[PDB]
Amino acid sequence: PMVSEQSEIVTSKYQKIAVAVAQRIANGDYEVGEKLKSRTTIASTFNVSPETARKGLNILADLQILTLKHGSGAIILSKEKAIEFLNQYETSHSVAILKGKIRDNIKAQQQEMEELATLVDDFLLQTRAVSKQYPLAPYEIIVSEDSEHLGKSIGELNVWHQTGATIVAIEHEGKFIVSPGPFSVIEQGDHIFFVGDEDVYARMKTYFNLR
């Protein structure tokens, strides 16, 4: 019921022979019109039995790469079918090559993430540089659906107290107005322009687009 200890687990030798000779055909060592040698001579090539070599060649005969209907030897039929058979048997899709593809993927992504780390470091460097280069350049927030104090005058909202930002412009329903004043009312779906320091966008975010 068990594999005998002296018995080594193997696959069918006839398939092995078929693959070897098909590989030679696909390489061109055995040309298309070229015929193979006797059934005993091919056995001598791999030091194997002639009958097993015949079965190996019967595999390729059934796969129509060669024909054995002629006693002189084996005449080759299609090199193109040999390459198709080689691609199919050597699947180039096993768990081994897929491991290599997966390892290549992980290494590429690790390199990309380090690249990302340097990119975001420099992005912070550039936000700190622009805050000094163009200190009056405006920000724009989009007052999204999750909303709390919409429909309220600016003066009543005490915006500057909690955000440190001065509201400078309002796009309300596609209408761009600069310097709107305290009685101006904001609804949802408006673009709000403001000026301040590096963190006023964050403060405006937490204050307006977060309940």
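Position 1 is the first residue in the sequence shown; the rest follow in order.
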*Between the two ranges 56 to 64 and 22 to 30, the one averaging a larger CA B factor in the entry*: 22 to 30
*Determine, for stretches 164 to 172 and 143 to 151, which one has the higher mean CA B-factor as deposited.*
143 to 151
*From the list 72, 88, 109, 78, select the residue with the highest C-alpha B factor recorded in the entry.*
72
_Ranking every modelled residue in this chain by its Cα temperature factor as given in the entry, which third contains residue 2?_
highest
